[PDB]
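**Student:** My structure file work-v9.csv, CSV, C-alpha atoms, is below:
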```
chain,number,residue,atom,x,y,z
A,1,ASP,CA,11.9,-9.6,-61.2
A,2,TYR,CA,9.1,-7.7,-62.9
A,3,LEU,CA,6.1,-9.6,-61.5
A,4,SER,CA,7.6,-9.9,-58.0
A,5,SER,CA,8.1,-6.1,-58.0
A,6,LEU,CA,4.5,-5.7,-59.2
A,7,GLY,CA,3.2,-7.8,-56.3
A,8,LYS,CA,4.9,-5.5,-53.8
A,9,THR,CA,2.1,-2.9,-54.3
A,10,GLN,CA,-0.5,-5.0,-52.4
A,11,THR,CA,1.6,-7.5,-50.6
A,12,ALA,CA,1.8,-4.9,-47.8
A,13,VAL,CA,-1.8,-3.5,-48.0
A,14,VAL,CA,-3.1,-6.6,-46.3
A,15,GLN,CA,-0.2,-6.3,-43.9
A,16,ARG,CA,-1.2,-2.7,-43.3
A,17,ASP,CA,-4.8,-3.7,-42.5
A,18,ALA,CA,-3.7,-6.6,-40.2
A,19,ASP,CA,-1.3,-4.3,-38.3
A,20,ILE,CA,-4.1,-1.8,-37.9
A,21,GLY,CA,-6.5,-4.4,-36.6
A,22,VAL,CA,-4.1,-6.0,-34.2
A,23,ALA,CA,-3.1,-2.5,-32.8
A,24,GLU,CA,-6.8,-1.6,-32.2
A,25,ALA,CA,-7.4,-5.0,-30.5
A,26,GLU,CA,-4.4,-4.6,-28.3
A,27,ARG,CA,-5.5,-1.1,-27.4
A,28,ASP,CA,-9.0,-2.2,-26.4
A,29,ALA,CA,-7.6,-5.2,-24.3
A,30,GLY,CA,-5.1,-2.9,-22.6
A,31,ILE,CA,-7.6,-0.2,-21.7
A,32,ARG,CA,-10.2,-2.5,-20.3
A,33,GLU,CA,-7.7,-4.6,-18.4
A,34,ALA,CA,-6.3,-1.5,-16.8
A,35,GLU,CA,-9.8,-0.5,-15.8
A,36,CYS,CA,-10.2,-3.9,-14.1
A,37,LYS,CA,-6.9,-3.7,-12.4
A,38,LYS,CA,-7.8,-0.2,-11.1
A,39,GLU,CA,-11.1,-1.4,-9.6
A,40,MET,CA,-9.7,-4.5,-8.0
A,41,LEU,CA,-6.9,-2.4,-6.4
A,42,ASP,CA,-9.3,0.1,-5.0
A,43,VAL,CA,-11.4,-2.6,-3.4
A,44,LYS,CA,-8.4,-4.4,-2.1
A,45,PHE,CA,-7.0,-1.3,-0.5
A,46,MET,CA,-10.3,-0.5,1.1
A,47,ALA,CA,-10.3,-4.0,2.7
A,48,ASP,CA,-6.7,-3.5,3.8
A,49,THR,CA,-7.6,-0.2,5.4
A,50,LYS,CA,-10.4,-1.9,7.4
A,51,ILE,CA,-7.9,-4.6,8.4
A,52,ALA,CA,-5.4,-1.9,9.5
A,53,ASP,CA,-8.2,-0.3,11.6
B,1,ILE,CA,-3.8,7.9,-11.1
B,2,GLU,CA,-6.5,6.1,-9.2
B,3,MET,CA,-3.8,3.6,-8.2
B,4,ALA,CA,-2.1,6.5,-6.4
B,5,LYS,CA,-5.4,7.7,-5.0
B,6,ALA,CA,-6.0,4.3,-3.3
B,7,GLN,CA,-2.3,4.1,-2.2
B,8,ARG,CA,-2.7,7.5,-0.4
B,9,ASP,CA,-6.1,6.5,1.1
B,10,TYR,CA,-4.4,3.3,2.6
B,11,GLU,CA,-1.0,4.6,3.6
B,12,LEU,CA,-2.2,7.8,5.3
B,13,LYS,CA,-4.6,5.9,7.5
B,14,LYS,CA,-2.1,3.2,8.2
B,15,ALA,CA,0.4,5.8,9.4
B,16,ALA,CA,-2.2,7.7,11.4
B,17,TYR,CA,-3.1,4.4,13.2
B,18,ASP,CA,0.6,3.6,13.7
B,19,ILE,CA,1.0,6.9,15.5
B,20,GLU,CA,-1.6,6.0,18.1
B,21,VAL,CA,-0.3,2.4,18.6
B,22,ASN,CA,3.3,3.6,19.0
B,23,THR,CA,2.3,6.2,21.6
B,24,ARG,CA,0.3,3.6,23.6
B,25,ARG,CA,3.1,1.1,23.3
B,26,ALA,CA,5.7,3.7,24.5
B,27,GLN,CA,3.5,4.4,27.5
B,28,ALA,CA,3.1,0.7,28.3
B,29,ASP,CA,6.8,-0.1,28.1
B,30,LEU,CA,7.7,2.5,30.8
B,31,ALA,CA,4.8,2.0,33.1
B,32,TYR,CA,6.8,-0.8,34.6
B,33,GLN,CA,9.8,1.4,35.4
B,34,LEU,CA,7.5,4.1,36.7
B,35,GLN,CA,5.8,1.7,39.2
B,36,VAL,CA,9.1,0.0,40.2
B,37,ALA,CA,10.6,3.3,41.0
B,38,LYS,CA,7.4,4.4,42.9
B,39,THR,CA,7.7,1.2,45.1
B,40,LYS,CA,11.5,1.4,45.4
B,41,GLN,CA,10.7,4.7,47.2
B,42,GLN,CA,9.2,2.7,50.1
B,43,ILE,CA,11.8,-0.1,49.7
B,44,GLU,CA,14.5,2.5,50.5
B,45,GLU,CA,12.3,4.3,53.1
B,46,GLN,CA,12.4,1.1,55.2
B,47,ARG,CA,15.9,0.0,54.2
B,48,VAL,CA,17.1,3.2,55.8
B,49,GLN,CA,14.6,3.0,58.8
B,50,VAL,CA,16.5,-0.1,59.9
B,51,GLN,CA,19.6,2.2,60.3
```
Would you write out, as C-alpha coordinates, the structure that this file holds?
**Tutor:**
Amino acid sequence: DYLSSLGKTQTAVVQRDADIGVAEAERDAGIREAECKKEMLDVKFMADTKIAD
Amino acid sequence: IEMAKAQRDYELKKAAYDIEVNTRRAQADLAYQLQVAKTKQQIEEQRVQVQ
(Lines of atoms letter the chains of each structure in order from A and count residues from 1; the text may use other names and numbers.)
(Lines give C-alpha, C1' and ligand atoms only; values in the text may rest on other atoms or scores of the structure.)
Protein backbone atom coordinates (compact mmCIF):
# COMPACT_ATOMS: atom_id res chain seq x y z
CA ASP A 1 0.00 0.00 0.00
CA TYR A 2 2.37 2.68 -1.30
CA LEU A 3 -0.12 4.85 -3.19
CA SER A 4 -2.89 4.49 -0.62
CA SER A 5 -0.44 5.70 2.02
CA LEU A 6 0.57 8.58 -0.26
CA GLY A 7 -3.07 9.67 -0.58
CA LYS A 8 -3.37 9.95 3.19
CA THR A 9 -1.54 13.29 3.12
CA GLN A 10 -4.43 15.19 1.55
CA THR A 11 -7.38 12.84 2.09
CA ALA A 12 -7.71 14.59 5.47
CA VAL A 13 -6.89 18.17 4.44
CA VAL A 14 -10.26 18.55 2.72
CA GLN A 15 -11.81 16.89 5.77
CA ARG A 16 -9.98 19.45 7.90
CA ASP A 17 -11.46 22.32 5.89
CA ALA A 18 -14.94 20.77 5.94
CA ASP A 19 -14.83 20.34 9.71
CA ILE A 20 -13.68 23.94 10.15
CA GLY A 21 -16.49 25.23 7.95
CA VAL A 22 -19.21 23.18 9.61
CA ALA A 23 -17.95 24.22 13.05
CA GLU A 24 -18.06 27.91 12.11
CA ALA A 25 -21.54 27.55 10.60
CA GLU A 26 -22.88 25.77 13.69
CA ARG A 27 -21.31 28.45 15.89
CA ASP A 28 -23.04 31.24 13.98
CA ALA A 29 -26.38 29.42 13.98
CA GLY A 30 -26.17 28.76 17.71
CA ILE A 31 -25.19 32.30 18.65
CA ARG A 32 -27.91 34.02 16.68
CA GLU A 33 -30.57 31.48 17.68
CA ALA A 34 -29.67 32.06 21.33
CA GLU A 35 -30.07 35.79 20.75
CA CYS A 36 -33.53 35.23 19.26
CA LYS A 37 -34.56 32.98 22.15
CA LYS A 38 -33.37 35.60 24.64
CA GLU A 39 -35.36 38.41 23.03
CA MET A 40 -38.55 36.36 22.75
CA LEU A 41 -38.29 35.23 26.39
CA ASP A 42 -37.84 38.83 27.55
CA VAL A 43 -40.95 39.99 25.73
CA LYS A 44 -42.98 36.95 26.83
CA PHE A 45 -42.03 37.55 30.46
CA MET A 46 -42.98 41.23 30.19
CA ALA A 47 -46.39 40.21 28.85
CA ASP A 48 -46.78 37.65 31.64
CA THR A 49 -45.88 40.33 34.20
CA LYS A 50 -48.66 42.53 32.86
CA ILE A 51 -51.06 39.57 32.99
CA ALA A 52 -50.07 38.92 36.60
CA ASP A 53 -50.71 42.57 37.46
CA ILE B 1 -27.84 35.61 31.88
CA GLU B 2 -30.65 37.69 30.38
CA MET B 3 -32.88 34.64 30.80
CA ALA B 4 -32.34 34.90 34.55
CA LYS B 5 -32.78 38.69 34.39
CA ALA B 6 -36.26 38.21 32.93
CA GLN B 7 -37.00 35.34 35.32
CA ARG B 8 -36.26 37.61 38.28
CA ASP B 9 -38.22 40.49 36.77
CA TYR B 10 -41.28 38.24 36.46
CA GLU B 11 -41.04 36.13 39.63
CA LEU B 12 -40.38 39.00 42.04
CA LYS B 13 -43.43 40.94 40.84
CA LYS B 14 -45.57 37.81 40.86
CA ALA B 15 -44.63 37.12 44.48
CA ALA B 16 -45.16 40.77 45.46
CA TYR B 17 -48.67 40.68 43.97
CA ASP B 18 -49.34 37.32 45.63
CA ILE B 19 -48.56 38.87 49.02
CA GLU B 20 -51.33 41.44 48.58
CA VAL B 21 -53.87 38.98 47.20
CA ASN B 22 -53.21 36.54 50.05
CA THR B 23 -53.61 39.28 52.67
CA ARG B 24 -56.92 40.44 51.19
CA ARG B 25 -58.21 36.87 50.83
CA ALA B 26 -57.29 36.16 54.46
CA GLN B 27 -59.25 39.22 55.57
CA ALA B 28 -62.23 38.24 53.39
CA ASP B 29 -62.39 34.69 54.75
CA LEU B 30 -62.67 35.74 58.40
CA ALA B 31 -64.93 38.76 57.87
CA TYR B 32 -67.82 36.27 57.94
CA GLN B 33 -66.82 34.87 61.33
CA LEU B 34 -66.26 38.37 62.70
CA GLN B 35 -69.76 39.49 61.70
CA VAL B 36 -71.46 36.28 62.84
CA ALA B 37 -69.86 36.69 66.27
CA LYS B 38 -70.81 40.37 66.41
CA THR B 39 -74.46 39.48 65.76
CA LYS B 40 -74.40 36.39 67.99
CA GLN B 41 -73.70 38.95 70.70
CA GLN B 42 -77.25 40.27 70.32
CA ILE B 43 -78.62 36.77 69.71
CA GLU B 44 -77.39 35.75 73.17
CA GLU B 45 -78.33 39.12 74.69
CA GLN B 46 -81.98 38.36 73.91
CA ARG B 47 -81.81 34.58 74.43
CA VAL B 48 -80.88 35.43 78.02
CA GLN B 49 -83.42 38.27 78.33
CA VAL B 50 -86.13 35.64 77.93
CA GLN B 51 -84.78 34.13 81.17
**Student:** Distance cut-off 7 Å, counting all atoms listed in the file - which residues of chain B neighbour chain A? Return them as a list in words.
**Tutor:**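 The contacting residues on chain B are residues 2, 3, 6, 10 and 14 of chain B.
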**Student:** Now that the selection is made, can you save its residues with C-alpha atoms as a PDB file, in the coordinates of the input?
**Tutor:**
```pdb
ATOM      1  CA  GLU B   2      -6.500   6.100  -9.200  1.00  0.00           C
ATOM      2  CA  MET B   3      -3.800   3.600  -8.200  1.00  0.00           C
ATOM      3  CA  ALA B   6      -6.000   4.300  -3.300  1.00  0.00           C
ATOM      4  CA  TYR B  10      -4.400   3.300   2.600  1.00  0.00           C
ATOM      5  CA  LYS B  14      -2.100   3.200   8.200  1.00  0.00           C
TER       6      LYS B  14
END
```
**Student:** Which value, in Å to one decimal, gives the distance between atom CA of residue 10 of chain A and atom CA of residue 23 of chain A?
**Tutor:**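 Atom-to-atom, atom CA of residue 10 of chain A and atom CA of residue 23 of chain A are spaced 19.9 Å apart.
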**Student:** What is the distance between atom CA of residue 32 of chain A and atom CA of residue 1 of chain B, in Å to one decimal?
**Tutor:**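 Spanning atom CA of residue 32 of chain A to atom CA of residue 1 of chain B is a straight-line distance of 15.3 Å.
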**Student:** For a test of reading the model, state the distance in Å between atom CA of residue 16 of chain B and atom CA of residue 29 of chain B, rounded to one decimal.
**Tutor:**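 For atom CA of residue 16 of chain B relative to atom CA of residue 29 of chain B, the distance reads 20.5 Å.
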**Student:** Output segment 21-46 of chain B with N, CA and C atoms present, as a PDB file, in the coordinates of the input.
**Tutor:**
```
ATOM      1  N   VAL B  21      -0.765   3.661  17.963  1.00  0.00           N
ATOM      2  CA  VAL B  21      -0.300   2.400  18.600  1.00  0.00           C
ATOM      3  C   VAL B  21       1.120   2.603  19.123  1.00  0.00           C
ATOM      4  N   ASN B  22       1.970   3.379  18.444  1.00  0.00           N
ATOM      5  CA  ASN B  22       3.300   3.600  19.000  1.00  0.00           C
ATOM      6  C   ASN B  22       3.254   4.437  20.260  1.00  0.00           C
ATOM      7  N   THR B  23       2.376   5.440  20.345  1.00  0.00           N
ATOM      8  CA  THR B  23       2.300   6.200  21.600  1.00  0.00           C
ATOM      9  C   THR B  23       1.838   5.310  22.747  1.00  0.00           C
ATOM     10  N   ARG B  24       0.807   4.488  22.529  1.00  0.00           N
ATOM     11  CA  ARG B  24       0.300   3.600  23.600  1.00  0.00           C
ATOM     12  C   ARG B  24       1.382   2.581  23.993  1.00  0.00           C
ATOM     13  N   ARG B  25       2.090   2.010  23.015  1.00  0.00           N
ATOM     14  CA  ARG B  25       3.100   1.100  23.300  1.00  0.00           C
ATOM     15  C   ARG B  25       4.278   1.713  24.111  1.00  0.00           C
ATOM     16  N   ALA B  26       4.629   2.953  23.761  1.00  0.00           N
ATOM     17  CA  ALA B  26       5.700   3.700  24.500  1.00  0.00           C
ATOM     18  C   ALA B  26       5.245   3.888  25.949  1.00  0.00           C
ATOM     19  N   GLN B  27       3.982   4.255  26.170  1.00  0.00           N
ATOM     20  CA  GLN B  27       3.500   4.400  27.500  1.00  0.00           C
ATOM     21  C   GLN B  27       3.556   3.066  28.288  1.00  0.00           C
ATOM     22  N   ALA B  28       3.133   1.987  27.625  1.00  0.00           N
ATOM     23  CA  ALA B  28       3.100   0.700  28.300  1.00  0.00           C
ATOM     24  C   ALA B  28       4.445   0.176  28.662  1.00  0.00           C
ATOM     25  N   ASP B  29       5.450   0.435  27.824  1.00  0.00           N
ATOM     26  CA  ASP B  29       6.800  -0.100  28.100  1.00  0.00           C
ATOM     27  C   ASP B  29       7.325   0.545  29.428  1.00  0.00           C
ATOM     28  N   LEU B  30       7.147   1.848  29.622  1.00  0.00           N
ATOM     29  CA  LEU B  30       7.700   2.500  30.800  1.00  0.00           C
ATOM     30  C   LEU B  30       6.841   2.609  31.976  1.00  0.00           C
ATOM     31  N   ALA B  31       5.587   2.157  31.867  1.00  0.00           N
ATOM     32  CA  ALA B  31       4.800   2.000  33.100  1.00  0.00           C
ATOM     33  C   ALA B  31       5.433   1.140  34.109  1.00  0.00           C
ATOM     34  N   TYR B  32       6.097   0.071  33.660  1.00  0.00           N
ATOM     35  CA  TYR B  32       6.800  -0.800  34.600  1.00  0.00           C
ATOM     36  C   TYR B  32       7.860  -0.124  35.370  1.00  0.00           C
ATOM     37  N   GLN B  33       8.708   0.639  34.676  1.00  0.00           N
ATOM     38  CA  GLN B  33       9.800   1.400  35.400  1.00  0.00           C
ATOM     39  C   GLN B  33       9.192   2.424  36.296  1.00  0.00           C
ATOM     40  N   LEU B  34       8.126   3.104  35.872  1.00  0.00           N
ATOM     41  CA  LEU B  34       7.500   4.100  36.700  1.00  0.00           C
ATOM     42  C   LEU B  34       7.035   3.446  38.048  1.00  0.00           C
ATOM     43  N   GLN B  35       6.328   2.318  37.957  1.00  0.00           N
ATOM     44  CA  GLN B  35       5.800   1.700  39.200  1.00  0.00           C
ATOM     45  C   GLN B  35       6.956   1.107  40.022  1.00  0.00           C
ATOM     46  N   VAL B  36       7.987   0.534  39.393  1.00  0.00           N
ATOM     47  CA  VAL B  36       9.100   0.000  40.200  1.00  0.00           C
ATOM     48  C   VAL B  36       9.828   1.044  40.922  1.00  0.00           C
ATOM     49  N   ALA B  37       9.970   2.227  40.315  1.00  0.00           N
ATOM     50  CA  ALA B  37      10.600   3.300  41.000  1.00  0.00           C
ATOM     51  C   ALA B  37       9.659   3.809  42.178  1.00  0.00           C
ATOM     52  N   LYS B  38       8.353   3.898  41.915  1.00  0.00           N
ATOM     53  CA  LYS B  38       7.400   4.400  42.900  1.00  0.00           C
ATOM     54  C   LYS B  38       7.436   3.463  44.160  1.00  0.00           C
ATOM     55  N   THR B  39       7.595   2.156  43.953  1.00  0.00           N
ATOM     56  CA  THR B  39       7.700   1.200  45.100  1.00  0.00           C
ATOM     57  C   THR B  39       9.060   1.117  45.679  1.00  0.00           C
ATOM     58  N   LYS B  40      10.107   1.303  44.871  1.00  0.00           N
ATOM     59  CA  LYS B  40      11.500   1.400  45.400  1.00  0.00           C
ATOM     60  C   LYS B  40      11.585   2.572  46.359  1.00  0.00           C
ATOM     61  N   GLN B  41      10.742   3.595  46.194  1.00  0.00           N
ATOM     62  CA  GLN B  41      10.700   4.700  47.200  1.00  0.00           C
ATOM     63  C   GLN B  41      10.468   4.096  48.589  1.00  0.00           C
ATOM     64  N   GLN B  42       9.431   3.272  48.760  1.00  0.00           N
ATOM     65  CA  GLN B  42       9.200   2.700  50.100  1.00  0.00           C
ATOM     66  C   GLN B  42      10.202   1.646  50.451  1.00  0.00           C
ATOM     67  N   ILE B  43      10.718   0.912  49.463  1.00  0.00           N
ATOM     68  CA  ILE B  43      11.800  -0.100  49.700  1.00  0.00           C
ATOM     69  C   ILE B  43      12.939   0.638  50.441  1.00  0.00           C
ATOM     70  N   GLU B  44      13.397   1.758  49.881  1.00  0.00           N
ATOM     71  CA  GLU B  44      14.500   2.500  50.500  1.00  0.00           C
ATOM     72  C   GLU B  44      14.056   3.198  51.779  1.00  0.00           C
ATOM     73  N   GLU B  45      12.808   3.667  51.849  1.00  0.00           N
ATOM     74  CA  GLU B  45      12.300   4.300  53.100  1.00  0.00           C
ATOM     75  C   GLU B  45      12.448   3.379  54.272  1.00  0.00           C
ATOM     76  N   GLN B  46      12.202   2.084  54.088  1.00  0.00           N
ATOM     77  CA  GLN B  46      12.400   1.100  55.200  1.00  0.00           C
ATOM     78  C   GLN B  46      13.808   0.611  55.315  1.00  0.00           C
TER      79      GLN B  46
END
```
